[PDB]
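Protein chains in written order, with PDB author numbering: chain A, 1001 to 1229; chain D, 1001 to 1229; chain B, 1001 to 1229; chain C, 1001 to 1229. Written below as structure tokens is the structure these notes are about.
In structure tokens:
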């Protein structure tokens, strides 16, 4: 009946069986990289793949059939429905296998007891300031990318062509690798005063990326210092 | 009258209209990078640019006409007058478009509610120590640049020529990229005991740049630990 | 007798003599690098090596003979038995000399007084969260290595061949050096939309490596704020 | 008399005159890099240098003559006597000009009021743990340099020759630049299992360099939490 199926979806036996077969498919996705193992057991492994994908679709849509609107409030349901919906089509560049990320559900069972609850609570509570931090960083990258494209546009072939590639190059200047010997020394061969555009930028955006660490450390100590009042 | 004009400058309708047209020309500068869009809609877009910068000078000087000395106390007024006055000349290397940075005014509206007030209060209160930190860093770069120019002056063409380029090269050694395979291995081909000039330097200035992070984290927790007394 | 030998193993004279000869062989392996010193005093030096490893095996197995099961509870015993048992064979790639690491026992005597007790207590207490952090990081490297092998498998010769080398290359992208000019610019010569695989990855795993620093700083202040209640 | 000379050494007029001429020689050592300025005003400038260094020796030895043993307790006296005594000889590799670092004495006057007293107190109090941290790091570099020299000794020409150069190369691996494309990819062309020597090392020593930041942040908050009891 309706009540019996809503019991049987929440059965720990069959749910742990879903976890069993999904970590099984995770390790045979680890085995698919070894081409010889796919030469040896190929039809068996693609049978494993196709069967666990169709029964994965079966169990997710049965989770819909039991909890048509009751399935809405769970962010883990947001996670697994993202995994089903975005990775529904396999006629693409083989990237179905990110559904292995479904096994992240098992790491709910480690979030409870051994002191990582405070860390994940800090990670959850750091959201409404870190989003404003990344919006400020997007504004800085926007204005500096448009300034860099107005300056170093024509005479530079590949690092400042479009808006997206100029954003990419200034992002790589933020990641702090070879801005001198990959970006500056070709640029000072033409423009002798392009250094005064980079030197504030490498300061300000890495300083904001340090301020993010400051914000998450004070957010991870606010819950600690809550315990004295 | 005079009072009515001082009311009409503070009208939320026309002020939000200024914000509307400034984010409009901000995304128009986002569109100027795509040169096909400038090929198609060019006269319209440059009409947009010229008209909104003319009325931008109009509204800023009207803000002067209403608050001749009352406009002095606001650091946001310092900001917008910097943006207008330094970027008043367009007969230069195309860099007018940093007045898009004016839309930073809109991010006052996010500074109030969602917990970033403590972060920006930490960033405001970190000033009178971080200025001494950057003065110490400037002194270290000064003495190490003059020592580097006395040592590696003649026999190296471009990394230690002037004072500014030597300061630049030691700054890049502080940014920690290819000091070995871009700076050391040509240097040890001539001077076999020039390593002991770098190895203290890469330690001391990166250690001070870590101490800056220490100072801003303790300043971002001082406001937190103030709330128990 | 049995009791007298269990006293003489704990004799401070002979135990500090073991410490004397083990720091002696530490600086002897510091001297083995200079091959002229091995040309001059070589037979004496290898005599020193063979005699101290023979008597080292003697004293460790005498520590077993006195404390057959009483020797179990010490993690320092785990350390020295690892050093003896894993490096018992010298017919290998010359790597016996990591038994010099035995002198780490002497740094127990600095762990007591001068304020490093709090640091080593933080390092001991940071274990049951940092293990979950490294398990999460291993899962991320697993899924991103298999996704990288699906995407950049065939047409790239050495950076994405097996599973281990693809894991290695994405680890090097985590170490943040030349992902652009060593990994991206050959990749964008073929795939024009392979950047959107890297740009989330370099964000998420370096952000988790920053979160590790957050966890160890709040663990090093929890013992501090313990002292007010 | 004797008392009057011990007053006249502490005269604020002549002491501020020493500070005046030492910042004067600081800025003209900033000017010596411009060789045209040395072409124009050269004899005057070297006259300035020679006269103020001989009167610098005069005032330092007068500080000795007034306070023969009373000059011992000051670490600033340790600083200025280091500056005079180690840099007394000018017949060397031109490196006299580090006595410009004497102007650091003026930054005592900024250590008092504007909140940096807590930062420099944290920097003073971080000593007896950070020395043990750097001793541990020296031991790690010692054992890993000897292991790297035993493994990659013969077939590698310049990165693993002596003990000092192998220490230097593993230090550069700690500085995290081109360990892959400068150190690994030549090494995996011969040894296919040398990666398992690097991958623990780049983890452990950068993790200890992060733990240094942890120690200095908790030391900079211990003085903060001192103010509640």
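Cβ coordinates follow ideal geometry from the N, Cα and C atoms, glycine included.
- The three-state secondary structure of residue 1121 of chain C, taken from DSSP, is helix.
- Within the model, the alpha-carbon separation for residue 1032 of chain C versus residue 1147 of chain D is close to 11 angstroms.
- Cβ neighbours of residue 1063 of chain C within its own chain (closer than 7 angstroms, five residues either side excluded): 1009, 1071.
- Residue 1102 of chain A and residue 1049 of chain A have their C-alpha atoms some 15 angstroms from each other.
- If you check each beta-carbon in the segment 1158-1183 of chain D against every beta-carbon of chain A, the ones closer than 7 angstroms belong to 1168, 1172, 1175, 1177, 1178, 1182.
- In its chain, beyond the 5 residues on either side, 1021 have a beta carbon closer than 8 angstroms to the beta carbon of residue 1055 of chain B.
- Using beta-carbon distances, residue 1154 of chain D does not count as an interface residue toward chain C, since no partner is under 8 angstroms.
- Residue 1176 of chain D carries a coil assignment under DSSP once its states are collapsed to helix, strand and coil.
- Residues of the same chain with a CB within less than 7 angstroms of the CB of residue 1059 of chain C, apart from the 5 flanking positions on each side, are 1018 in chain order.
- Between the segment 1209-1217 of chain A and the segment 1208-1223 of chain B there are three or more inter-stretch CB-CB distances shorter than 8 angstroms, so the stretches are counted as touching.
- In the assembly as shown, residue 1099 of chain A is a buried residue. Its beta-carbon has 16 or more other beta-carbons within 10 Å.
- CA-to-CA, the gap between residue 1152 of chain C and residue 1222 of chain A works out to about 49 angstroms.
- Excluding five sequence positions before and after residue 1190 of chain A, the CB atoms of its chain that fall closer than 7 angstroms to its own CB belong to 1155, given in chain order.
- Within chain C, the residues whose beta carbon sits less than 7 angstroms from that of residue 1220 of chain B are 1214, 1218, listed in sequence order.
- Contact of residue 1224 of chain A with chain D by beta-carbon distance below 7 angstroms is absent, the smallest such distance being about 10 angstroms.
- Contact check for residue 1107 of chain D against residue 1136 of chain A passes: the beta carbons are separated by less than 8 angstroms.
- Here the C-alpha atom of residue 1084 of chain A lies approximately 36 angstroms from the C-alpha atom of residue 1126 of chain B.
- For residue 1063 of chain A, the enclosing alpha helix (DSSP H) stretches over residues 1042-1066.
- Straight-line spacing of the CA atoms in residue 1140 of chain A and residue 1198 of chain A works out to 13 angstroms.
- For residue 1149 of chain D, the closest Cβ of chain C is nearer than 8 angstroms.
- Of the other Cβ atoms in all chains shown, fewer than 16 fall within 10 Å of the Cβ of residue 1007 of chain C; this residue is therefore exposed.
- The residue among D:1195, D:1177, D:1171 with its C-alpha nearest the C-alpha of residue 1168 of chain C is D:1195.
- The beta carbon of residue 1121 of chain B does not come within 8 angstroms of any beta carbon belonging to chain C, so the residue lies off that interface.
- At a cut-off of 8 angstroms between C-beta atoms, residue 1129 of chain D does not count as an interface residue with respect to chain A.
- Along the segment 1078-1108 of chain B, going in chain order, the ones with a CB nearer than 8 angstroms to a CB of chain C are 1093, 1094, 1095, 1097, 1098, 1100, 1101, 1103, 1104, 1107.
- Contact between residue 1159 of chain D and residue 1134 of chain D is absent: CB atoms are separated by about 24 angstroms, not below the 8 angstroms threshold.
- The shortest CA-to-CA distance from residue 1057 of chain B to any of B:1067, B:1068, B:1185, B:1080 is the one to B:1080.
- Distance check between residue 1115 of chain C and each of D:1129, D:1105, D:1186, D:1109 places D:1129 closest, using alpha-carbon atoms only.
- Rounded to whole angstroms, the separation of the alpha carbons of residue 1011 of chain D and residue 1003 of chain D is 13 angstroms.
- In the DSSP assignment, residue 1190 of chain B falls outside any alpha helix (DSSP H) and carries neither an H nor an E.
- Note on geometry: alpha-carbon atoms of residue 1187 of chain D and residue 1161 of chain B lie some 37 angstroms from one another.
- Per DSSP, residue 1128 of chain D is one residue of the alpha helix (DSSP H) stretching across 1127-1151.
- Looking at the backbone, the Cα of residue 1200 of chain C and that of residue 1202 of chain B are separated by about 21 angstroms.
- Using a Cβ-Cβ cut-off of 8 angstroms, residue 1114 of chain B counts as an interface residue toward chain C, since at least one Cβ of chain C sits closer than that to its own.
- For a Cβ distance threshold of 7 angstroms, residue set 1213 of chain C lies close to residue 1210 of chain D, ordered along the chain.
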